[PDB]
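Below, each chain spelled out in residue letters.
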Amino acid sequence: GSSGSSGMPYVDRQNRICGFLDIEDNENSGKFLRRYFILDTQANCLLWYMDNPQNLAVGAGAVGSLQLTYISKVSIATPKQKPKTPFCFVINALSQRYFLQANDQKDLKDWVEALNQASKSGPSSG
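About the thresholds
- Residues numbered from 1 in each chain as written, not as in the entry; some residues may be left out.
- Heavy atoms only, no water.
- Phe/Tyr/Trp six-rings, centres within 6.5 Å; stacked < 30°, edge-to-face > 60°.
- Helix = DSSP H or I, 4+ residues; strand = E, 2+ residues; numbered from the N terminus.
- Buried < 20%, exposed > 50% of the residue type's maximum accessible area, 1.4 Å probe, protein only.
- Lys NZ or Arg CZ within 6 Å of the ring centre and 35° of its normal.
- Disulfide = S-S within 2.5 Å.

A. Expanded view of the packing of aromatic side chains. Following the criterion strictly, the structure yields three aromatic pairs and no others. Plain terms: the ring middles of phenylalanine 20 and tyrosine 36 are 4.3 Å apart, the flat faces sit at 50° to each other, and that makes the pair tilted. On the criterion of sequence distance, the pair formed by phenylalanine 20 in the loop between β1 (17-18) and β2 (21-24) and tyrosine 36 in strand β3 (residues 32-40) is long-range, its members being 16 residues apart. In this pair, the class of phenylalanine 20 matches that of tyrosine 36, namely buried. A centroid spacing of 4.8 Å and a plane angle of 20° characterise the contact between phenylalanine 37 and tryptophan 48, whose relative ring orientation is stacked. Of this pair, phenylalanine 37 sits in strand β3 while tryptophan 48 sits in strand β4 (residues 45-49), and the two are 11 residues apart along the sequence. Across the pair, exposure class does not vary: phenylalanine 37 and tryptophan 48 are buried alike. Taken together, the aromatic side chains of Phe37, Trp48 and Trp111 make up a single cluster linked through ring pairs. Positioned above the aromatic ring of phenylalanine 20, the side-chain terminus of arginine 34 is 4.4 Å from the ring centre.

Below is the structure:
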């Protein structure tokens, strides 16, 4: 482990983000799973639910999750990886790249940003 300090970082309060993305079902090369992704900093993981959790049932859950512990970098995909997509970001983790789709250019960036904030865990954790 060993936690190293930094001179003087910047940015903070990644702030949780929500929306509806389309992750390419691992069980299909073309079909995307439209779920409501929610960048939870407290959980330090990514949870995407069929729909808002406020409409779901207390005894509900997420179709899938993504531990931030994996994610390393969140950059915009490329036409050499997954073209035909304007606002598409690739979540770089251990050594993989998740292809997700955004509604507009905002959500996209935002997400990318949020995913870039929750990943950078700001200046420090907590």
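B. The arrangement of the state of the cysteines in detail. A complete count under the given rule lists zero disulfides for this structure. No disulfide involves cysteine 18; its sulfur sits 17 Å from that of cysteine 45, the nearest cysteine. When its relative accessible area of 34% is taken as the criterion, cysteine 18 is described as partly exposed. Free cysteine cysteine 88: the closest other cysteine sulfur is in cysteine 18, separated by 18 Å. For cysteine 88, a relative accessible area of 9% puts it in the buried group.

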